[PDB]
Amino acid sequence: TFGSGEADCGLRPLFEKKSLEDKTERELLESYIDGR
Amino acid sequence: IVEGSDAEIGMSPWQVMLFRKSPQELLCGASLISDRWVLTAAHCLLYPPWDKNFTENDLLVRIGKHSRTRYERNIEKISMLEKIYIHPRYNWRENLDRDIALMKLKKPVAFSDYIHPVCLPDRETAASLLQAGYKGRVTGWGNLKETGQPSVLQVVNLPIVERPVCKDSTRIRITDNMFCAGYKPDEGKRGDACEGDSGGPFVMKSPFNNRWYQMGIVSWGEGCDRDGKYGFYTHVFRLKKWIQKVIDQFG
Amino acid sequence: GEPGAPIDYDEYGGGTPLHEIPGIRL
Ligand SMILES: *[C@@H]1O[C@H](CO)[C@@H](O)[C@H](O)[C@H]1NC(C)=O
Ligand code: NA
């Protein structure tokens, strides 16, 4: 069954797997932090 | 993509190019969800009002690409399609409800630094991330302006928009299988998908497990990057039981 | 904060067509 998909899905070889951030992913993360 | 920037090498390794062989032209974007399955918009393959009706042998996919046009030796991989599956309740007559299709590759593609599948959301991921104001990322080789093709893959980050604002923005009937994204006029920033970006992914990075999830498919808009208009995206999570049914029965 | 899309599943059980809108982007 497909289920959750690839055990390794969504982890990029040149970014997450090397502990390196891309140039704008921080903008995404900041938008996921709520206001007051 | 309007008002985006060049993608970084390896930034979107699930990005797929759907290429029409004759004439030789970009058809649409798509995304890699496993070694033999590609996800796209149904209207990229089937849109009778514009005499569009492609079959498996009309197209080829190109995976691992960055340049729009250059052959990328030892980087890109070409694949042929074994079978296309269009959602049986895709509404081409009206509003593109259920604008989703799966494509099975004849041979599985080898993963690499440049080729790697994106995740599909579970229920908690979808609940935690599909909130107004939260940003996703859209990528593609589509036009740079509404009225102009990029040399390499483009990327733009856009916030999800509240459903009443989406509905007010358009004359079209908006269903629960769609969401909209883009900046409002008052927000200053700009950006949108455009022609040629259809079928590509809207992804979000989970702050819980560090993985990228495909929450949307580029579906339709009105113009590109117009004030007071928003792009519409297929709601992948809401259609995920169909995706799984196809992969389980036919994978 | 407000939900951008419903957390549920499409199940079994009109309006203006997209192609009539000037400048529609498909
Ligand atoms: C698409 O093409 C197939 C095969 O040519 C045809 O049988 C089918 O009726 C077409 N679909 C639509 C919706 O026109
Ligand atoms: Na807009």
# chains A, B, ... in the order shown; residues from 1 in each chain; ligands from 1
$ residues_near_ligand --ligand "ligand 2" --cutoff "9 Å" --atoms "only C-alpha atoms and all ligand atoms" --output "NGL selection string"
:B and (181-185 or 190-192 or 222-231)
$ write_last_selection --atoms "C-alpha atoms" --output "PDB file, in the first residue's frame"
ATOM      1  CA  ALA B 181      -3.336  31.709  -2.600  1.00  0.00           C
ATOM      2  CA  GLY B 182      -1.643  35.005  -3.328  1.00  0.00           C
ATOM      3  CA  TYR B 183      -1.058  38.406  -1.762  1.00  0.00           C
ATOM      4  CA  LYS B 184      -3.857  40.899  -1.297  1.00  0.00           C
ATOM      5  CA  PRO B 185      -3.601  44.381  -2.858  1.00  0.00           C
ATOM      6  CA  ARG B 190       3.245  40.160  -5.517  1.00  0.00           C
ATOM      7  CA  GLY B 191       3.509  36.804  -7.278  1.00  0.00           C
ATOM      8  CA  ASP B 192       1.414  34.218  -9.085  1.00  0.00           C
ATOM      9  CA  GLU B 222      -7.780  34.909 -13.991  1.00  0.00           C
ATOM     10  CA  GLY B 223      -4.922  36.677 -15.744  1.00  0.00           C
ATOM     11  CA  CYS B 224      -1.603  36.457 -13.901  1.00  0.00           C
ATOM     12  CA  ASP B 225      -0.612  38.493 -10.838  1.00  0.00           C
ATOM     13  CA  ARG B 226      -3.643  40.794 -11.080  1.00  0.00           C
ATOM     14  CA  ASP B 227      -4.579  42.917  -8.064  1.00  0.00           C
ATOM     15  CA  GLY B 228      -7.617  41.425  -6.317  1.00  0.00           C
ATOM     16  CA  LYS B 229      -7.333  38.053  -8.123  1.00  0.00           C
ATOM     17  CA  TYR B 230      -5.843  34.882  -6.656  1.00  0.00           C
ATOM     18  CA  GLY B 231      -4.581  31.599  -8.035  1.00  0.00           C
TER      19      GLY B 231
END
$ select_by_dssp --residues "stretch 97-210 of chain B" --states "strand (DSSP E or B)" --output "number ranges by chain"
B: 101-105, 119, 131, 135-140, 152, 154-160, 178-181, 192, 201-205
$ write_last_selection --atoms "N, CA and C atoms" --output "compact mmCIF listing (two decimals), in the first residue's frame"
# COMPACT_ATOMS: atom_id res chain seq x y z
N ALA B 101 -4.83 14.47 -11.77
CA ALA B 101 -4.58 13.29 -12.57
C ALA B 101 -3.26 12.67 -12.13
N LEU B 102 -3.16 11.36 -12.30
CA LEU B 102 -1.94 10.62 -12.02
C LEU B 102 -1.42 10.01 -13.31
N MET B 103 -0.11 9.89 -13.40
CA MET B 103 0.54 9.33 -14.57
C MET B 103 1.52 8.28 -14.09
N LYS B 104 1.40 7.05 -14.61
CA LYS B 104 2.29 5.97 -14.23
C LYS B 104 3.43 5.89 -15.23
N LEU B 105 4.68 5.94 -14.74
CA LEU B 105 5.83 5.81 -15.62
C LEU B 105 6.01 4.35 -16.01
N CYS B 119 6.36 14.53 -0.40
CA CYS B 119 5.38 13.81 0.41
C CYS B 119 3.97 14.31 0.12
N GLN B 131 -3.76 26.90 6.70
CA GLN B 131 -4.33 28.01 7.45
C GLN B 131 -4.10 29.29 6.66
N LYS B 135 2.29 30.28 4.24
CA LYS B 135 2.79 30.34 2.87
C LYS B 135 3.16 28.97 2.34
N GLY B 136 2.87 28.75 1.06
CA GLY B 136 3.40 27.63 0.31
C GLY B 136 4.27 28.13 -0.83
N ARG B 137 4.85 27.19 -1.54
CA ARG B 137 5.80 27.52 -2.59
C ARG B 137 5.33 26.92 -3.90
N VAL B 138 5.35 27.70 -4.98
CA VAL B 138 4.92 27.27 -6.31
C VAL B 138 6.14 27.36 -7.23
N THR B 139 6.31 26.39 -8.08
CA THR B 139 7.45 26.35 -8.99
C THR B 139 6.98 26.00 -10.39
N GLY B 140 7.69 26.50 -11.40
CA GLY B 140 7.39 26.09 -12.76
C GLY B 140 8.18 26.87 -13.79
N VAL B 152 15.37 29.27 -16.64
CA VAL B 152 15.45 28.19 -15.67
C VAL B 152 14.18 28.19 -14.83
N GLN B 154 11.46 28.60 -12.11
CA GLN B 154 11.15 29.73 -11.24
C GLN B 154 10.44 29.26 -9.97
N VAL B 155 10.54 30.08 -8.91
CA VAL B 155 9.91 29.77 -7.62
C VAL B 155 9.30 31.03 -7.02
N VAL B 156 8.14 30.89 -6.37
CA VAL B 156 7.54 32.01 -5.62
C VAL B 156 6.83 31.44 -4.40
N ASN B 157 6.88 32.15 -3.27
CA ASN B 157 6.18 31.76 -2.05
C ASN B 157 4.93 32.63 -1.92
N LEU B 158 3.78 32.02 -1.64
CA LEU B 158 2.50 32.77 -1.63
C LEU B 158 1.66 32.32 -0.45
N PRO B 159 0.96 33.25 0.21
CA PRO B 159 0.13 32.88 1.37
C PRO B 159 -1.22 32.33 0.95
N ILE B 160 -1.69 31.33 1.71
CA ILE B 160 -3.07 30.85 1.55
C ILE B 160 -4.01 31.98 1.95
N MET B 178 -10.85 23.06 -3.85
CA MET B 178 -9.99 24.14 -4.28
C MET B 178 -9.63 24.98 -3.06
N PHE B 179 -8.45 25.58 -3.12
CA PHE B 179 -8.13 26.68 -2.24
C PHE B 179 -7.46 27.75 -3.08
N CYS B 180 -7.33 28.96 -2.54
CA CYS B 180 -6.65 30.01 -3.28
C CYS B 180 -5.49 30.58 -2.49
N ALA B 181 -4.54 31.16 -3.21
CA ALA B 181 -3.34 31.71 -2.60
C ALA B 181 -2.88 32.90 -3.40
N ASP B 192 2.50 35.09 -8.64
CA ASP B 192 1.41 34.22 -9.09
C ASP B 192 1.99 33.17 -10.02
N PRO B 201 3.42 21.80 -8.52
CA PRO B 201 3.07 21.63 -7.11
C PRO B 201 3.07 22.95 -6.33
N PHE B 202 2.19 23.01 -5.32
CA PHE B 202 2.19 24.00 -4.25
C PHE B 202 2.62 23.23 -3.00
N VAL B 203 3.82 23.53 -2.49
CA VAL B 203 4.37 22.71 -1.40
C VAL B 203 4.56 23.56 -0.15
N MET B 204 4.55 22.89 0.99
CA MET B 204 4.79 23.52 2.28
C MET B 204 5.77 22.66 3.06
N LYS B 205 6.64 23.29 3.86
CA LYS B 205 7.66 22.57 4.63
C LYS B 205 7.18 22.38 6.07
$ residues_around --residues "residue B:58" --least-positions-apart "5" --cutoff "12 Å" --atoms "only C-alpha atoms" --output "list in words"
residues 18, 19, 20, 21, 22, 23, 24, 25, 27, 45, 52, 53, 80, 81, 82, 83 and 84 of chain B
$ residues_near_ligand --ligand "ligand 1" --cutoff "12 Å" --atoms "only C-alpha atoms and all ligand atoms" --output "MDAnalysis selection string"
chainID B and resid 42:43 45:58 84 86:93
$ write_last_selection --atoms "N, CA, C and O atoms" --output "mmCIF file, in the first residue's frame"
data_model
loop_
_atom_site.group_PDB
_atom_site.id
_atom_site.type_symbol
_atom_site.label_atom_id
_atom_site.label_comp_id
_atom_site.auth_asym_id
_atom_site.auth_seq_id
_atom_site.Cartn_x
_atom_site.Cartn_y
_atom_site.Cartn_z
ATOM 1 N N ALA B 42 -5.639 17.549 -14.014
ATOM 2 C CA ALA B 42 -6.388 16.892 -15.080
ATOM 3 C C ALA B 42 -6.479 17.758 -16.331
ATOM 4 O O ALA B 42 -6.429 17.239 -17.453
ATOM 5 N N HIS B 43 -6.652 19.076 -16.164
ATOM 6 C CA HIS B 43 -6.885 19.936 -17.319
ATOM 7 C C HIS B 43 -5.646 20.083 -18.194
ATOM 8 O O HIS B 43 -5.765 20.535 -19.339
ATOM 9 N N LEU B 45 -4.189 17.468 -19.322
ATOM 10 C CA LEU B 45 -4.353 16.343 -20.222
ATOM 11 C C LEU B 45 -5.688 16.362 -20.934
ATOM 12 O O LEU B 45 -5.784 15.861 -22.043
ATOM 13 N N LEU B 46 -6.717 16.945 -20.335
ATOM 14 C CA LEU B 46 -8.075 16.825 -20.868
ATOM 15 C C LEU B 46 -8.808 18.139 -20.634
ATOM 16 O O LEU B 46 -9.127 18.490 -19.489
ATOM 17 N N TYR B 47 -9.077 18.862 -21.716
ATOM 18 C CA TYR B 47 -9.871 20.090 -21.645
ATOM 19 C C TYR B 47 -10.594 20.282 -22.971
ATOM 20 O O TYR B 47 -10.147 21.027 -23.852
ATOM 21 N N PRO B 48 -11.725 19.604 -23.150
ATOM 22 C CA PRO B 48 -12.431 19.622 -24.435
ATOM 23 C C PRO B 48 -12.806 21.020 -24.904
ATOM 24 O O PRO B 48 -12.834 21.257 -26.120
ATOM 25 N N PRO B 49 -13.126 21.972 -24.019
ATOM 26 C CA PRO B 49 -13.517 23.289 -24.560
ATOM 27 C C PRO B 49 -12.434 23.927 -25.408
ATOM 28 O O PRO B 49 -12.748 24.721 -26.305
ATOM 29 N N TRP B 50 -11.165 23.576 -25.169
ATOM 30 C CA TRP B 50 -10.053 24.043 -25.984
ATOM 31 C C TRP B 50 -9.462 22.935 -26.852
ATOM 32 O O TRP B 50 -8.309 23.040 -27.285
ATOM 33 N N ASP B 51 -10.232 21.874 -27.105
ATOM 34 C CA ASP B 51 -9.808 20.771 -27.975
ATOM 35 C C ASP B 51 -8.524 20.099 -27.493
ATOM 36 O O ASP B 51 -7.688 19.692 -28.302
ATOM 37 N N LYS B 52 -8.372 19.974 -26.176
ATOM 38 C CA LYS B 52 -7.196 19.368 -25.557
ATOM 39 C C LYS B 52 -7.589 17.977 -25.059
ATOM 40 O O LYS B 52 -8.514 17.839 -24.251
ATOM 41 N N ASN B 53 -6.904 16.943 -25.541
ATOM 42 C CA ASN B 53 -7.219 15.583 -25.094
ATOM 43 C C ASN B 53 -5.990 14.721 -25.401
ATOM 44 O O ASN B 53 -5.911 14.098 -26.459
ATOM 45 N N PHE B 54 -5.064 14.682 -24.459
ATOM 46 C CA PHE B 54 -3.820 13.949 -24.659
ATOM 47 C C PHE B 54 -3.897 12.530 -24.108
ATOM 48 O O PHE B 54 -4.572 12.250 -23.114
ATOM 49 N N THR B 55 -3.176 11.635 -24.761
ATOM 50 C CA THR B 55 -3.070 10.261 -24.317
ATOM 51 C C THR B 55 -1.610 9.978 -23.956
ATOM 52 O O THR B 55 -0.723 10.809 -24.163
ATOM 53 N N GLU B 56 -1.368 8.782 -23.413
ATOM 54 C CA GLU B 56 -0.058 8.472 -22.836
ATOM 55 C C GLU B 56 1.063 8.626 -23.851
ATOM 56 O O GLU B 56 2.181 9.027 -23.502
ATOM 57 N N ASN B 57 0.802 8.273 -25.102
ATOM 58 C CA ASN B 57 1.873 8.282 -26.082
ATOM 59 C C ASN B 57 2.111 9.650 -26.701
ATOM 60 O O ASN B 57 3.060 9.797 -27.467
ATOM 61 N N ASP B 58 1.310 10.667 -26.352
ATOM 62 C CA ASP B 58 1.513 12.009 -26.882
ATOM 63 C C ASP B 58 2.568 12.800 -26.128
ATOM 64 O O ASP B 58 3.009 13.848 -26.623
ATOM 65 N N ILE B 84 -2.318 7.062 -18.008
ATOM 66 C CA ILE B 84 -2.845 8.266 -17.376
ATOM 67 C C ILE B 84 -4.157 7.909 -16.701
ATOM 68 O O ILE B 84 -4.983 7.169 -17.266
ATOM 69 N N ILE B 86 -7.228 10.045 -15.003
ATOM 70 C CA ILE B 86 -7.873 11.327 -14.717
ATOM 71 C C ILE B 86 -8.993 11.080 -13.714
ATOM 72 O O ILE B 86 -9.716 10.077 -13.820
ATOM 73 N N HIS B 87 -9.125 11.952 -12.709
ATOM 74 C CA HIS B 87 -10.193 11.772 -11.736
ATOM 75 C C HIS B 87 -11.526 11.582 -12.462
ATOM 76 O O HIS B 87 -11.876 12.393 -13.336
ATOM 77 N N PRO B 88 -12.293 10.538 -12.142
ATOM 78 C CA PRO B 88 -13.541 10.298 -12.890
ATOM 79 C C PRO B 88 -14.597 11.371 -12.706
ATOM 80 O O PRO B 88 -15.523 11.434 -13.521
ATOM 81 N N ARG B 89 -14.491 12.217 -11.679
ATOM 82 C CA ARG B 89 -15.463 13.284 -11.459
ATOM 83 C C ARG B 89 -14.859 14.666 -11.694
ATOM 84 O O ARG B 89 -15.412 15.676 -11.232
ATOM 85 N N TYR B 90 -13.710 14.718 -12.381
ATOM 86 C CA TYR B 90 -13.149 15.991 -12.828
ATOM 87 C C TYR B 90 -14.164 16.752 -13.691
ATOM 88 O O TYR B 90 -14.719 16.216 -14.661
ATOM 89 N N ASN B 91 -14.407 18.012 -13.341
ATOM 90 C CA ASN B 91 -15.462 18.807 -13.975
ATOM 91 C C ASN B 91 -14.810 19.763 -14.977
ATOM 92 O O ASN B 91 -14.504 20.914 -14.664
ATOM 93 N N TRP B 92 -14.616 19.286 -16.210
ATOM 94 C CA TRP B 92 -14.098 20.164 -17.251
ATOM 95 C C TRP B 92 -15.173 21.063 -17.841
ATOM 96 O O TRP B 92 -14.835 22.090 -18.441
ATOM 97 N N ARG B 93 -16.458 20.690 -17.717
ATOM 98 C CA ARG B 93 -17.504 21.506 -18.322
ATOM 99 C C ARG B 93 -17.647 22.855 -17.632
ATOM 100 O O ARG B 93 -18.078 23.829 -18.268
#
$ residues_around --residues "stretch 6-21 of chain A" --least-positions-apart "3" --cutoff "10 Å" --atoms "only C-alpha atoms" --output "PyMOL selection string"
(chain A and resi 2-3+24-26) or (chain B and resi 8-14+32-35+111-120+203-206+209-214)
$ atom_distance --atom1 "atom CA of residue B:73" --atom2 "atom CA of residue B:194"
28.2 Å
$ atom_distance --atom1 "atom CA of residue B:174" --atom2 "atom CA of residue B:207"
29.3 Å
$ closest_atom_pairs --of "chain C" --to "chain B" --cutoff "6 Å" --atoms "only C-alpha atoms" --output "JSON lines"
{"residue": "C:1", "atom": "CA", "partner": "B:131", "partner_atom": "CA", "distance": 5.1}
{"residue": "C:2", "atom": "CA", "partner": "B:132", "partner_atom": "CA", "distance": 5.4}
{"residue": "C:3", "atom": "CA", "partner": "B:131", "partner_atom": "CA", "distance": 4.6}
{"residue": "C:4", "atom": "CA", "partner": "B:131", "partner_atom": "CA", "distance": 4.9}
{"residue": "C:5", "atom": "CA", "partner": "B:179", "partner_atom": "CA", "distance": 5.9}
{"residue": "C:8", "atom": "CA", "partner": "B:238", "partner_atom": "CA", "distance": 5.8}
{"residue": "C:9", "atom": "CA", "partner": "B:238", "partner_atom": "CA", "distance": 4.5}
{"residue": "C:10", "atom": "CA", "partner": "B:238", "partner_atom": "CA", "distance": 5.6}
{"residue": "C:16", "atom": "CA", "partner": "B:172", "partner_atom": "CA", "distance": 6.0}
{"residue": "C:17", "atom": "CA", "partner": "B:94", "partner_atom": "CA", "distance": 4.1}
{"residue": "C:18", "atom": "CA", "partner": "B:95", "partner_atom": "CA", "distance": 5.6}
{"residue": "C:23", "atom": "CA", "partner": "B:223", "partner_atom": "CA", "distance": 5.2}
{"residue": "C:24", "atom": "CA", "partner": "B:222", "partner_atom": "CA", "distance": 4.4}
{"residue": "C:25", "atom": "CA", "partner": "B:221", "partner_atom": "CA", "distance": 4.9}
{"residue": "C:26", "atom": "CA", "partner": "B:220", "partner_atom": "CA", "distance": 4.8}
$ closest_atom_pairs --of "chain A" --to "chain C" --cutoff "12 Å" --atoms "only C-alpha atoms" --output "CSV"
residue,atom,partner,partner_atom,distance
A:31,CA,C:1,CA,10.5
A:32,CA,C:1,CA,9.3
A:33,CA,C:1,CA,9.9
A:34,CA,C:1,CA,7.4
A:35,CA,C:1,CA,9.1
A:36,CA,C:1,CA,11.1
$ write_last_selection --atoms "C-alpha atoms" --output "PDB file, in the first residue's frame"
ATOM      1  CA  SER A  31       4.556  32.477   8.212  1.00  0.00           C
ATOM      2  CA  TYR A  32       3.738  29.317  10.221  1.00  0.00           C
ATOM      3  CA  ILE A  33       4.353  31.100  13.539  1.00  0.00           C
ATOM      4  CA  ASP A  34       1.155  32.706  14.791  1.00  0.00           C
ATOM      5  CA  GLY A  35       0.609  36.265  15.972  1.00  0.00           C
ATOM      6  CA  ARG A  36      -0.881  37.518  19.240  1.00  0.00           C
TER       7      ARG A  36
END
$ atom_distance --atom1 "atom CA of residue B:234" --atom2 "atom CA of residue B:141"
18.9 Å
